[PDB]
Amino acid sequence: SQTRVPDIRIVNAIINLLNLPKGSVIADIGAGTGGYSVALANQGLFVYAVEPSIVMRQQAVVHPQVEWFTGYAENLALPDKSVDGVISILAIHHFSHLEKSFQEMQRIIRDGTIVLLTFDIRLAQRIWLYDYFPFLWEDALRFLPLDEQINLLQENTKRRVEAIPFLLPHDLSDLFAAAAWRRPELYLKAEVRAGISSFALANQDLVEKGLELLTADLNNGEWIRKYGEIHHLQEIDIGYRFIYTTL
């Protein structure tokens, strides 16, 4: 959460889908560093942050309205009907038993809504990024199609599930994988790559060849020749989607 600074447009999107009054309680499943947990707590919500990573607990702001729980999504220590709403912001793809995690969200929730910021790379438009860093695409392609995700949630919630695109602005503060789509030079920075787990997990010689090719293309006008029209877009669809329950 140095380059993964929560973006207010994502927070406003989550807040709008939650549609909860001030003083409501939400569970944040797969809270990671807790940036969104704190960001939503600062909107006037109590947040129960659940994250298995013992590391990511320590790397987190102590906040009066955030309670931290170390555990897995498939077995929440939170009681039945203990929260008004539930969120998982770019986390569900890291869960090992997605169905049981969904059942768990339904178990803890009262009258509110489940808001998931997720993705399907199969729904994304052509992005230059993957021509330099194929591992990002390959890692994204491991996760389920949006329809399967919608269906699993819908089956374990018995509330209508809907989905909407979250088109990415060109100036997102939260530097997740495809967020620097209009700022190619940001990928050359070690710290930007440090905030995107796919880089550390990828074959390093591969990452390095991508860096060399990106650097050459940026310095000899090749990137502009091949991809420069992308600079005129204010936003792009890279398959990011909000899945959420309704009445």
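Note that residue numbering follows the sequence shown and begins at 1.
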Avg C-alpha B-factor, entry values, 35-43 vs 57-65, higher side is 57-65
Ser173: CA temperature factor from the record, placed by chain third, in the middle
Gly195: C-alpha B-factor third of its chain, per the entry, is the middle
Split the chain's modelled residues into thirds by Cα B-factor; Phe95 lands in the highest
Here the Cα B-factor of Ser101, set against its chain, lands in the third termed middle
Chain thirds by Cα B factor, record data; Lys189 belongs to the highest
